[PDB]
Every structure is written in C-alpha cells, then in structure tokens.
There are 2 protein chains.
Amino acid sequence: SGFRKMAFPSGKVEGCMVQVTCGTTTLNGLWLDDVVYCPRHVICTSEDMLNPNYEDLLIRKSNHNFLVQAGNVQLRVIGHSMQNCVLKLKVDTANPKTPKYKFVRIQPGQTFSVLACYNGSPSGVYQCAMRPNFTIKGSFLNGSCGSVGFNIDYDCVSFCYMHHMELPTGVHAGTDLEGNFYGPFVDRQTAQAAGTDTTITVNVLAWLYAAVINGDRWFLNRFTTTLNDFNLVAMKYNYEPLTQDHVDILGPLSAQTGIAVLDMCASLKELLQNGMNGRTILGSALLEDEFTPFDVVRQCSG
Amino acid sequence: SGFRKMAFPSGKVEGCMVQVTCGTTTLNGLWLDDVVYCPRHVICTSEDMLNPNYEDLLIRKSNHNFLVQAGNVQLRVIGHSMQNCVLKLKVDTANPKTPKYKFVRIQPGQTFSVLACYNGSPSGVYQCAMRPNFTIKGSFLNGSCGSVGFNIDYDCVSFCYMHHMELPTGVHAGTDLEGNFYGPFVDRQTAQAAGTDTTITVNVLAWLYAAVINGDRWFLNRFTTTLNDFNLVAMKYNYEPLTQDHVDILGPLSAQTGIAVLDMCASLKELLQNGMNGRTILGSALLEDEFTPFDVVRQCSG
Ligand SMILES: *[C@](O)(C(=O)NC)[C@H](CCC(C)(F)F)NC(=O)[C@@H]1[C@H]2CCC[C@H]2CN1C(=O)[C@@H](NC(=O)OC)C(C)(C)C
Ligand SMILES: *[C@](O)(C(=O)NC)[C@H](CCC(C)(F)F)NC(=O)[C@@H]1[C@H]2CCC[C@H]2CN1C(=O)[C@@H](NC(=O)OC)C(C)(C)C
C-alpha cells in the first residue's frame with residue numbers, strides 16, 4: 001500500500017549525461033550512440049539571445065568551438081547540425097552506456113520523469129506532467145538546460161523533453177528530443193507567457209481510483225452522472241473535457257475497484273462543488289492531476 | 001525556479017540491486033563488494049512468520065539454500081551470517097558497479113530517496129522522511145522487501161533504510177543497513193501499530209523558506225515570536241518542538257531570504273491558527289514537512 005509521486009529509476013539516463021560548452025555558455029547534453037543532443041541556444045551569447053538567427057550563428061561555428069565532456073574525459077566533436085531547436089554534435093566515441101531508446105513527443109496530460117542536471121552531472125529526479133498549456137511545473141536553475149524528461153517502458157528509455165527556459169510565472173518550457181517546442185514558445189529571450197492552465201481531468205479520476213485502491217473511500221457516493229453533465233460541471237472549474245476515450249482508458253481501474261467511471265465522476269463533481277471539508281485524499285488537500293491512469297496501474301500493481 | 005519533491009538520481013543504487021530467493025520466498029538484496037544484504041525474513045515460511053526464532057531458522061540453512069540473481073547471472077553464495085534483522089550473504093563475485101558507500105542510521109525528520117524494487121529490478125524512485133513515529137509513508141507492494149532508502153553526498157551513497165513491512169495504517173517499517181529497526185517494530189507477523197505521528201516543524205519552516213525563495217510570500221507577516229511561545233502553539237497542533245539547534249540549522253536559509261527564524265515561526269503560528277484561506281504554498285494546500293533545510297538549500301542552489 002501507499003501512493004507516492006514516483007519517478008522512473010534514472011540510471012539509464014544518468015549514463016547519458018554530458019556537459020557541452022560553446023564559448024562561455026555551458027549546459028547539458030544527452031549522449032546516445034555517437035551523437036550529443038543539446039539546446040541549440042548553447043551557441044548564443046547574451047546579446048544574441050534577444051533575437052537570434054540560429055542559421056547564421058551556427059554557420060559561424062566549427063566543431064572545435066564545442067567542448068563536450070563526459071565525466072572526466074573529453075569527447076571530440078567531429079560533426080554538427082541543427083534539427084529544429086536542438087543541436088546534434090557527432091562525437092568520436094559511441095556511448096557504451098547507451099540504453100535501448102526512443103524519442104517521443106508526448107501529449108498534454110502525459111507524465112514523465114525529469115533528471116535535473118548541472119554541468120553534465122545529475123542532481124535529482126522528479127515527476128512532472130505536460131500541462132494542458134504546454135508548460136511543465138519543474139524545478140530548474142540556470143545551468144539545467146539540456147536536462148531531459150523521459151519515461152521507461154520495460155527496458156526502453158523514451159525521451160520526451162529537453163529543458164530550455166523558464167516563463168515569468170515560474171513554469172518551464174522546452175522541446176521534444178527532435179527540438180520542437182511544446183506549446184507556442186520560442187528559444188529567444190523575449191516577452192512570452194504561458195496561457196491559462198486547466199486541470200487534467202482523466203488524471204484526477206485516475207488518482208481517485210488510486211485513493212480507493214489504497215483504502216481512501218470517504219469521497220465516494222451512491223450517485224452516477226452522465227458524461228455531458230459531468231463535462232458541464234468540469235468546464236466551470238477549468239477542468240479539461242473528459243472524453244469517451246478517457247472513460248475507456250480508465251476501464252481497467254474501474255473494474256479493479258468496482259466503481260464505474262461515471263460513478264467516480266459523480267464523486268469528482270461533489271468534490272468540486274463542496275470541497276473536502278477538512279479531509280485529505282492520499283495525503284493531499286487538493287485534487288492531484290499529475291498521475292496518469294498508467295501511472296496508477298504501474299504503481300499499484302508493481 | 002520551482003520546488004518539487006526531488007529524489008537523488010538512483011543509478012548508483014540500481015547497479016546494486018539483486019534478487020534473493022530462499023525456498024518460495026523471493027525478495028530484493030543489496031550487492032556491495034562481495035556481500036548481498038537482505039531482510040533476514042527471506043528464510044521464513046508463512047508459518048514461521050507468526051513467531052520465528054531466527055537463530056534456529058538460520059542454523060537450519062546452508063549456502064546452497066540461497067539463490068542470488070544479479071540480472072541474468074547467478075551469484076554463488078559462499079558464506080552467510082545474520083546481523084540484527086539483516087542477512088549478509090557472501091558471494092563469489094564482487095559487484096563491479098559498487099559505488100563509494102556508507103551505512104548510516106538516520107534520525108526522525110531526515111529525508112531519503114527510496115528505490116522501490118521487485119524481483120531485483122528497480123521500479124521507481126521517490127522521496128520519503130523518517131517520521132517522528134519511526135515509520136515511513138512509502139509506496140510498497142509485496143515483493144518490495146529489501147528495497148533500500150539512501151542519500152547521495154557528493155559521490156558517496158549513504159544507505160539508511162531497508163524495507164521490511166507494512167503496518168495496519170498503510171505506513172512502512174524497516175531497518176537501517178545493519179538490520180536495526182527504526183522504532184519499536186519487530187520482524188514478525190504479529191499485532192504492531194505505529195504510535196501517533198507528529199509534524200516535523202524544522203522541515204515545515206525549511207519549506208516555508210523554499211516558498212519565499214520561489215516567490216511565494218503571501219503568508220509572511222510583520223510579527224516575530226519567541227521560541228517558547230512558538231513551541232507552546234506548536235505542541236497544540238501536534239508539531240515537534242523546535243530547538244535552538246533547528247534555529248541554527250535554518251541560519252543560512254534565514255540569511256538568504258532576510259527573514260529571521262523566529263519571524264518565520266510567527267508566520268507558521270498564524271498559518272496553524274487561521275489556515276490558508278483558500279490559498280496554496282508551493283502548490284500545496286497543506287504544510288509540507290518532508291523537506292529538510294539541506295534539501296531546500298540543495299534544490300534551490302543546485
Ligand atoms: C538555460 O539556457 C541554461 O541552463 N543555460 C546555462 C536556461 C535555464 C534557466 C532556468 C531558470 F530555466 F533554469 N534558460 C534560459 O536562460 C533561457 C534562454 C534560452 C531560450 C531563451 C533564453 C532566455 N531564457 C530564459 O529562461 C528566460 N525566460 C524567458 O525569456 O522567458 C520568456 C529567463 C532568463 C528566465 C528570463
Ligand atoms: C516483504 O517481506 C516482501 O516483499 N516479501 C516478498 C513484505 C512487504 C509487504 C509490503 C506491503 F510492505 F510491501 N513484508 C511482509 O510481508 C512482512 C513480513 C516480514 C516481517 C513480518 C512479516 C509480515 N509482514 C507484513 O508486512 C505484515 N504486517 C504486519 O505484520 O504488520 C504488523 C502484513 C503482511 C502487511 C500484514
């Protein structure tokens with residue numbers, strides 16, 4: 001029993017973190033096979049950041065302008081190219097610690113683990129979700145650019161996020177491992193703000209199932225609701241629409257607990273309208289939305 | 001910016017996890033140098049668990065009764081001994097992935113990362129605290145025994161917890177890596193209950209400093225309090241006493257934010273008496289107590 005915000009073991013990713021320096025900018029890179037992936041803004045100076053033309057800035061660089069360090073050893077850069085907002089540095093050595101990996105671009109609502117790094121050294125691991133407004137609520141300081149987010153599927157590391165920036169509200173923006181930003185953000189130091197965020201409804205329902213699996217049932221009720229009437233209440237509280245596909249994905253949890261999805265929706269509706277009345281669910285006084293249905297099944301079934 | 005429940009990168013510990021089987025009981029072991037450490041209850045049967053005499057049960061075992069598997073390879077057991085509630089199995093191979101390590105017995109209020117494992121395979125990592133009642137609020141299923149808790153200090157892994165059991169309230173009990181239980185618990189399937197828990201006051205204050213460092217200041221006030229008057233209010237809310245040593249440990253955070261410890265105590269007193277009035281601190285509607293002052297400095301300073 002128990003339910004924690006649980007990250008994937010980070011070992012397979014720790015064995016891929018390197019330091020990348022270009023001029024006075026040092027950040028992290030991801031070394032897989034003979035390629036090091038990092039944010040392309042590693043080529044910028046403070047003046048360039050305001051409005052950079054990355055194609056020009058990269059044309060002015062050579063392989064020797066990039067210093068890649070894997071622990072105590074230097075990896076010679078033998079080639080370079082830009083793919084969207086990432087820079088790919090071909091190196092002379094294939095990483096012997098390269099795990100089985102994939103690059104995936106996730107959807108909002110999906111969770112992942114972040115391995116926060118500084119100077120190519122892993123510092124900590126935590127669990128995030130891609131918010132509906134395409135930001136992540138991470139914990140990143142200057143030097144963390146190039147830190148990655150990932151999921152582990154059996155023995156395959158699926159990389160889904162690379163860190164690039166912090167928005168004025170303290171939330172974070174970045175790209176997939178092919179350098180495409182999540183959301184409308186751009187890698188330039190200019191006025192950008194996250195849109196209004198919403199609650200990931202399917203994940204709140206998944207976490208209410210986790211609470212039931214763990215013996216927290218106080219919020220359950222005899223009522224059911226229709227998907228339409230639930231969505232009418234959900235919109236009012238800035239919750240994402242619950243779809244029939246979401247109801248289907250919650251099927252296994254619904255069957256394991258004997259509580260139909262629309263029955264759980266009536267509990268969520270009652271919680272949204274009345275609050276918790278001084279009570280907690282899984283040690284939280286707020287409705288948690290950063291566990292997917294898969295995270296709940298994984299953690300509760302091992 | 002940002003503040004998350006952050007675990008240490010688990011790689012160094014993942015490289016030490018093995019599976020240990022004795023009869024039909026399979027659990028996890030920790031392989032460091034040529035020794036595998038695991039819960040001694042691996043030698044018990046369901047009938048033995050009610051009231052075992054471990055000295056007898058171990059005398060009846062031989063090295064060949066223990067099956068140690070490190071991934072796909074079998075590690076031959078060449079010796080065995082019991083130290084408190086842990087079993088130490090000497091094996092024919094020294095772990096080539098043995099990090100720089102120490103075994104430490106932590107105090108209540110200290111935090112650590114748990115690498116949850118099943119059949120010698122790491123499943124997830126999360127952050128815990130040793131509660132004042134000597135339990136941990138973990139997330140563990142059957143098969144997780146032998147999973148360890150640790151801190152990483154520079155390049156040294158300090159192991160502090162090995163998982164053994166779950167109490168009726170859903171919280172967890174275990175030992176240090178030398179097999180001494182935290183708290184009054186014993187490794188036998190009999191009536192045991194955790195005592196009433198309290199809030200780790202020094203950690204709540206550390207997290208209020210983390211909130212200020214991250215721009216959350218709504219709870220601050222112009223008042224100060226005395227250590228005695230704060231402790232009089234703290235006892236009323238089941239909070240641990242705040243000591244002068246705690247006030248000293250919070251010194252660096254107090255100096256970085258310009259808010260004296262007793263000034264922050266007046267904020268905590270006001271929060272305990274009035275509540276949050278619909279507001280949150282670092283995304284929480286409860287006062288968090290599972291970040292130590294060191295965790296805050298580490299995460300906020302990188
Ligand atoms: C990152 O480049 C790094 O770690 N380099 C050593 C750095 C990470 C900062 C933080 C707080 F998120 F960890 N990112 C930046 O400084 C980025 C940089 C690349 C893309 C634009 C350029 C500015 N920038 C920012 O994060 C700025 N934010 C915005 O411009 O938001 C619209 C600030 C420096 C935070 C104002
Ligand atoms: C652990 O032995 C294991 O993973 N083995 C394969 C197991 C872990 C259970 C859990 C839920 F915490 F992950 N631990 C036990 O089953 C222990 C076992 C060793 C010490 C006593 C004996 C019973 N036990 C318990 O956890 C029981 N709890 C108590 O007896 O609490 C007083 C239950 C089986 C949970 C009732």
# chains A, B, ... in the order shown; residues from 1 in each chain; ligands from 1
call {"tool": "interface_residues", "arguments": {"of": "chain B", "to": "chain A", "cutoff": "7 Å", "atoms": "only C-alpha atoms", "output": "JSON, numbers by chain"}}
result
{"B": [1, 2, 3, 4, 5, 6, 7, 8, 9, 10, 11, 14, 122, 123, 124, 125, 126, 137, 138, 139, 140, 141, 170, 285, 286, 302]}
call {"tool": "calpha_fit_and_write", "arguments": {"fixed": "chain A", "moving": "chain B", "output": "compact mmCIF listing (two decimals) with C-alpha atoms, in the first residue's frame"}}
result
# COMPACT_ATOMS: atom_id res chain seq x y z
CA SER B 1 0.00 0.00 0.00
CA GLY B 2 0.86 3.68 -0.31
CA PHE B 3 0.84 6.17 -3.17
CA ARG B 4 3.73 8.50 -3.91
CA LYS B 5 4.78 10.85 -6.73
CA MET B 6 7.09 8.24 -8.22
CA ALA B 7 9.72 8.82 -10.88
CA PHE B 8 11.33 6.15 -13.08
CA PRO B 9 14.76 4.94 -11.90
CA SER B 10 17.16 7.39 -13.58
CA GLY B 11 20.25 5.22 -14.03
CA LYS B 12 19.85 4.58 -17.75
CA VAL B 13 19.64 8.35 -18.35
CA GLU B 14 22.42 9.29 -15.90
CA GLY B 15 24.79 7.22 -18.08
CA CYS B 16 23.99 9.57 -21.00
CA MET B 17 24.50 13.00 -19.44
CA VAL B 18 27.40 15.08 -20.67
CA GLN B 19 28.49 18.72 -20.39
CA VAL B 20 28.52 20.90 -23.56
CA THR B 21 30.33 24.22 -23.69
CA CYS B 22 30.41 26.78 -26.50
CA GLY B 23 32.25 29.99 -25.61
CA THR B 24 31.20 30.97 -22.07
CA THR B 25 27.86 29.06 -22.23
CA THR B 26 27.89 25.69 -20.52
CA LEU B 27 24.85 23.42 -20.40
CA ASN B 28 23.88 19.72 -20.51
CA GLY B 29 23.78 17.33 -23.42
CA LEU B 30 22.37 13.84 -23.99
CA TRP B 31 24.91 11.37 -25.41
CA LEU B 32 23.34 8.46 -27.24
CA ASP B 33 25.45 6.34 -29.64
CA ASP B 34 27.95 8.80 -31.27
CA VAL B 35 25.61 11.83 -31.04
CA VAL B 36 25.24 14.50 -28.32
CA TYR B 37 21.88 16.35 -28.31
CA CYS B 38 21.57 19.71 -26.62
CA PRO B 39 19.63 23.01 -26.85
CA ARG B 40 20.83 24.99 -29.89
CA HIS B 41 20.97 28.16 -27.74
CA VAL B 42 24.37 26.84 -26.45
CA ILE B 43 25.79 28.81 -29.48
CA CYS B 44 24.33 32.13 -28.32
CA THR B 45 25.83 34.99 -26.38
CA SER B 46 23.69 37.24 -24.09
CA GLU B 47 23.28 39.80 -26.93
CA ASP B 48 22.31 37.10 -29.45
CA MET B 49 19.53 35.74 -27.16
CA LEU B 50 17.25 38.77 -27.62
CA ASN B 51 16.69 37.96 -31.33
CA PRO B 52 18.99 35.22 -32.66
CA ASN B 53 19.23 33.93 -36.22
CA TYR B 54 20.34 30.44 -35.41
CA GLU B 55 21.21 29.53 -39.01
CA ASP B 56 23.78 32.40 -39.14
CA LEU B 57 25.08 31.68 -35.63
CA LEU B 58 25.63 28.02 -36.48
CA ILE B 59 27.28 28.72 -39.85
CA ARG B 60 29.85 30.82 -37.89
CA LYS B 61 30.74 27.84 -35.66
CA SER B 62 33.16 24.97 -36.16
CA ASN B 63 33.42 21.53 -34.47
CA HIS B 64 36.36 22.83 -32.35
CA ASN B 65 34.13 25.60 -30.87
CA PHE B 66 32.22 22.80 -28.99
CA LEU B 67 33.70 21.26 -25.84
CA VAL B 68 31.95 18.01 -24.83
CA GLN B 69 32.89 16.43 -21.50
CA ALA B 70 31.64 13.01 -20.37
CA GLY B 71 32.71 12.90 -16.73
CA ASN B 72 36.49 13.35 -16.69
CA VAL B 73 37.04 12.62 -20.44
CA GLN B 74 36.76 14.92 -23.50
CA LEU B 75 34.64 13.76 -26.44
CA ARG B 76 35.93 15.25 -29.71
CA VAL B 77 33.18 16.79 -31.86
CA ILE B 78 33.56 15.50 -35.48
CA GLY B 79 30.31 16.93 -36.92
CA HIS B 80 27.40 19.23 -36.11
CA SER B 81 23.91 20.01 -37.33
CA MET B 82 20.74 21.69 -36.14
CA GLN B 83 17.36 19.99 -36.06
CA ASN B 84 14.66 22.49 -35.03
CA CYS B 85 15.78 23.86 -31.60
CA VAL B 86 18.29 21.13 -30.86
CA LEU B 87 21.90 20.92 -31.85
CA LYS B 88 23.28 17.47 -32.71
CA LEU B 89 27.02 17.06 -32.19
CA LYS B 90 28.54 13.95 -33.75
CA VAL B 91 31.38 12.77 -31.49
CA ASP B 92 34.36 10.37 -31.96
CA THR B 93 33.11 7.90 -29.33
CA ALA B 94 29.84 5.95 -29.16
CA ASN B 95 28.42 5.98 -25.61
CA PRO B 96 28.96 2.46 -24.21
CA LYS B 97 26.17 3.13 -21.70
CA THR B 98 23.60 3.88 -24.49
CA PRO B 99 20.36 2.20 -23.40
CA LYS B 100 17.58 0.96 -25.71
CA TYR B 101 15.93 4.34 -26.51
CA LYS B 102 13.26 6.19 -28.48
CA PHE B 103 12.35 9.85 -28.92
CA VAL B 104 8.66 10.57 -28.45
CA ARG B 105 6.65 13.72 -28.49
CA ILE B 106 4.05 13.45 -25.72
CA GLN B 107 0.53 14.85 -25.43
CA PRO B 108 -0.59 17.24 -22.66
CA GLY B 109 -1.67 15.20 -19.63
CA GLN B 110 1.18 12.70 -20.05
CA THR B 111 3.63 12.42 -17.20
CA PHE B 112 7.38 11.89 -17.28
CA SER B 113 10.41 11.91 -15.04
CA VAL B 114 12.92 14.75 -15.19
CA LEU B 115 16.58 14.16 -14.40
CA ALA B 116 17.73 17.64 -13.36
CA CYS B 117 21.43 18.16 -14.27
CA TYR B 118 24.11 20.78 -13.90
CA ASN B 119 27.47 20.76 -15.77
CA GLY B 120 26.66 17.26 -17.06
CA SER B 121 26.15 15.88 -13.53
CA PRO B 122 22.73 14.53 -12.42
CA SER B 123 21.40 16.37 -9.33
CA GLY B 124 17.89 14.99 -8.78
CA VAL B 125 14.90 13.22 -10.25
CA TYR B 126 11.24 14.19 -10.04
CA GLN B 127 7.97 13.54 -11.75
CA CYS B 128 6.19 16.11 -14.00
CA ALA B 129 3.22 16.28 -16.35
CA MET B 130 2.99 18.10 -19.65
CA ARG B 131 0.35 20.67 -18.69
CA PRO B 132 -2.60 21.40 -21.00
CA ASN B 133 -0.96 24.85 -21.61
CA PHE B 134 2.24 23.02 -22.75
CA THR B 135 4.42 24.11 -19.86
CA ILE B 136 5.82 21.90 -17.10
CA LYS B 137 5.90 22.75 -13.41
CA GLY B 138 9.53 21.76 -12.96
CA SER B 139 12.37 22.73 -10.66
CA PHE B 140 15.23 24.14 -12.70
CA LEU B 141 18.03 26.59 -12.04
CA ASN B 142 20.40 28.29 -14.51
CA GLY B 143 22.70 25.55 -15.79
CA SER B 144 19.87 22.98 -16.10
CA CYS B 145 19.25 23.49 -19.85
CA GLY B 146 19.66 20.27 -21.70
CA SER B 147 18.25 18.25 -18.77
CA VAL B 148 15.79 15.69 -20.11
CA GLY B 149 12.42 14.19 -19.31
CA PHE B 150 11.69 10.54 -20.04
CA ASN B 151 9.54 7.51 -19.44
CA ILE B 152 10.84 3.94 -19.18
CA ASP B 153 8.80 1.25 -20.97
CA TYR B 154 10.13 -2.19 -19.88
CA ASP B 155 13.84 -1.66 -20.85
CA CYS B 156 13.35 1.21 -23.38
CA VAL B 157 14.02 4.83 -22.45
CA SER B 158 11.50 7.08 -24.21
CA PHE B 159 12.91 10.63 -24.11
CA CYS B 160 10.20 13.25 -24.38
CA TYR B 161 11.52 16.55 -23.03
CA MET B 162 14.63 18.69 -23.09
CA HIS B 163 14.72 21.79 -20.90
CA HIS B 164 15.20 25.25 -22.44
CA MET B 165 13.61 28.07 -20.47
CA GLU B 166 11.57 29.47 -17.60
CA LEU B 167 8.44 31.60 -18.19
CA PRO B 168 7.51 34.58 -15.91
CA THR B 169 5.11 32.51 -13.81
CA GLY B 170 7.96 30.17 -12.79
CA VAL B 171 6.88 27.30 -15.03
CA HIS B 172 9.09 25.73 -17.70
CA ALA B 173 9.18 25.35 -21.44
CA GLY B 174 11.18 23.04 -23.62
CA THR B 175 11.22 20.75 -26.56
CA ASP B 176 10.92 17.13 -27.54
CA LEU B 177 14.28 15.42 -28.36
CA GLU B 178 13.88 16.44 -32.01
CA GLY B 179 13.91 20.12 -30.94
CA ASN B 180 10.25 21.02 -31.38
CA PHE B 181 8.89 23.15 -28.56
CA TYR B 182 5.85 22.05 -26.71
CA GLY B 183 3.39 24.93 -27.00
CA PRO B 184 3.90 28.21 -28.82
CA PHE B 185 7.22 29.06 -27.22
CA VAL B 186 10.40 30.07 -28.97
CA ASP B 187 14.01 29.95 -27.88
CA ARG B 188 14.61 33.65 -27.63
CA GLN B 189 14.69 35.98 -24.64
CA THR B 190 11.54 37.96 -25.46
CA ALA B 191 8.02 38.53 -23.98
CA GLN B 192 6.35 35.11 -23.72
CA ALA B 193 3.73 33.91 -21.28
CA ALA B 194 2.04 30.60 -20.63
CA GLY B 195 -1.67 30.53 -21.45
CA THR B 196 -4.21 29.80 -18.68
CA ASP B 197 -3.81 26.25 -17.50
CA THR B 198 -6.51 23.68 -16.87
CA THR B 199 -6.80 20.55 -14.72
CA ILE B 200 -6.13 17.16 -16.30
CA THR B 201 -9.47 15.54 -15.50
CA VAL B 202 -8.62 11.98 -16.57
CA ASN B 203 -5.60 12.09 -14.23
CA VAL B 204 -7.69 13.40 -11.27
CA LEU B 205 -10.05 10.42 -11.83
CA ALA B 206 -7.06 8.03 -12.05
CA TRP B 207 -5.76 9.39 -8.70
CA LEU B 208 -9.23 9.00 -7.11
CA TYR B 209 -9.01 5.31 -8.20
CA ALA B 210 -5.52 5.15 -6.60
CA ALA B 211 -7.08 6.51 -3.40
CA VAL B 212 -9.74 3.79 -3.45
CA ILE B 213 -7.15 1.07 -4.14
CA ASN B 214 -5.26 2.38 -1.09
CA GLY B 215 -8.34 2.43 1.19
CA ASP B 216 -9.30 6.12 1.00
CA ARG B 217 -13.03 6.00 0.15
CA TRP B 218 -14.65 8.85 2.10
CA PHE B 219 -15.37 10.82 -1.10
CA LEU B 220 -17.31 8.02 -2.79
CA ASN B 221 -21.08 8.39 -3.19
CA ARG B 222 -24.12 6.41 -4.44
CA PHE B 223 -24.58 8.72 -7.44
CA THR B 224 -23.65 8.47 -11.09
CA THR B 225 -23.58 11.23 -13.72
CA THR B 226 -23.70 11.42 -17.49
CA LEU B 227 -20.54 12.36 -19.43
CA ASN B 228 -22.35 15.51 -20.64
CA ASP B 229 -23.50 16.64 -17.16
CA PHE B 230 -20.02 15.91 -15.75
CA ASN B 231 -18.37 17.96 -18.55
CA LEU B 232 -20.78 20.86 -17.87
CA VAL B 233 -19.61 20.97 -14.24
CA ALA B 234 -15.93 20.32 -15.25
CA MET B 235 -15.77 23.34 -17.63
CA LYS B 236 -16.99 25.61 -14.79
CA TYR B 237 -13.95 24.58 -12.68
CA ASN B 238 -11.35 24.91 -15.50
CA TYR B 239 -11.12 21.13 -15.90
CA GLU B 240 -10.31 19.54 -19.27
CA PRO B 241 -13.17 17.75 -21.04
CA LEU B 242 -13.45 14.07 -20.23
CA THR B 243 -13.79 12.05 -23.42
CA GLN B 244 -15.15 8.57 -24.12
CA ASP B 245 -11.52 7.56 -24.86
CA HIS B 246 -10.59 8.72 -21.30
CA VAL B 247 -13.55 6.70 -19.90
CA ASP B 248 -12.22 3.66 -21.82
CA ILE B 249 -8.62 4.16 -20.59
CA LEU B 250 -9.99 4.21 -17.00
CA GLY B 251 -11.76 0.84 -17.70
CA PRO B 252 -9.20 -1.44 -16.00
CA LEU B 253 -9.11 0.79 -12.85
CA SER B 254 -12.92 0.95 -12.83
CA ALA B 255 -13.10 -2.89 -12.99
CA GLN B 256 -10.44 -3.47 -10.30
CA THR B 257 -12.30 -1.21 -7.84
CA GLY B 258 -15.89 -1.97 -8.91
CA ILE B 259 -16.63 1.75 -9.33
CA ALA B 260 -17.83 2.80 -12.80
CA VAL B 261 -16.10 5.83 -14.37
CA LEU B 262 -19.34 7.83 -14.36
CA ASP B 263 -19.87 6.81 -10.70
CA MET B 264 -16.37 8.22 -9.90
CA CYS B 265 -17.26 11.35 -11.94
CA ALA B 266 -20.19 11.96 -9.55
CA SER B 267 -17.66 11.90 -6.65
CA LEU B 268 -15.41 14.37 -8.50
CA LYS B 269 -18.44 16.61 -9.21
CA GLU B 270 -19.35 16.55 -5.47
CA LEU B 271 -15.70 17.34 -4.51
CA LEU B 272 -15.58 20.26 -6.95
CA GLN B 273 -18.84 21.69 -5.58
CA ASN B 274 -18.44 21.06 -1.81
CA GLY B 275 -14.68 20.77 -1.32
CA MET B 276 -13.06 18.29 1.09
CA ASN B 277 -14.47 19.69 4.40
CA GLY B 278 -11.12 19.47 6.19
CA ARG B 279 -10.31 16.00 4.85
CA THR B 280 -7.47 14.75 2.62
CA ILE B 281 -7.18 12.19 -0.19
CA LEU B 282 -3.86 10.29 -0.32
CA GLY B 283 -2.30 12.90 1.94
CA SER B 284 -3.38 15.80 -0.29
CA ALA B 285 -5.82 18.65 0.41
CA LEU B 286 -6.01 19.40 -3.39
CA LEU B 287 -7.12 17.15 -6.26
CA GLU B 288 -3.92 15.80 -7.83
CA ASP B 289 -3.69 15.66 -11.62
CA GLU B 290 -0.12 14.55 -12.31
CA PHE B 291 -0.75 10.76 -12.26
CA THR B 292 -1.99 9.17 -15.45
CA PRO B 293 -4.15 6.02 -15.42
CA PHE B 294 -0.99 4.08 -16.45
CA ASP B 295 0.98 5.56 -13.55
CA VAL B 296 -1.70 4.41 -11.13
CA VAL B 297 -1.80 0.85 -12.54
CA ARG B 298 2.02 0.67 -12.61
CA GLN B 299 2.45 1.89 -9.02
CA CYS B 300 -0.48 -0.04 -7.54
CA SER B 301 0.35 -3.34 -9.45
CA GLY B 302 4.20 -3.14 -9.45
call {"tool": "select_by_dssp", "arguments": {"residues": "range 139-230 of chain A", "states": "helix (DSSP H, G or I)", "output": "PyMOL selection string"}}
result
chain A and resi 201-213+227-230
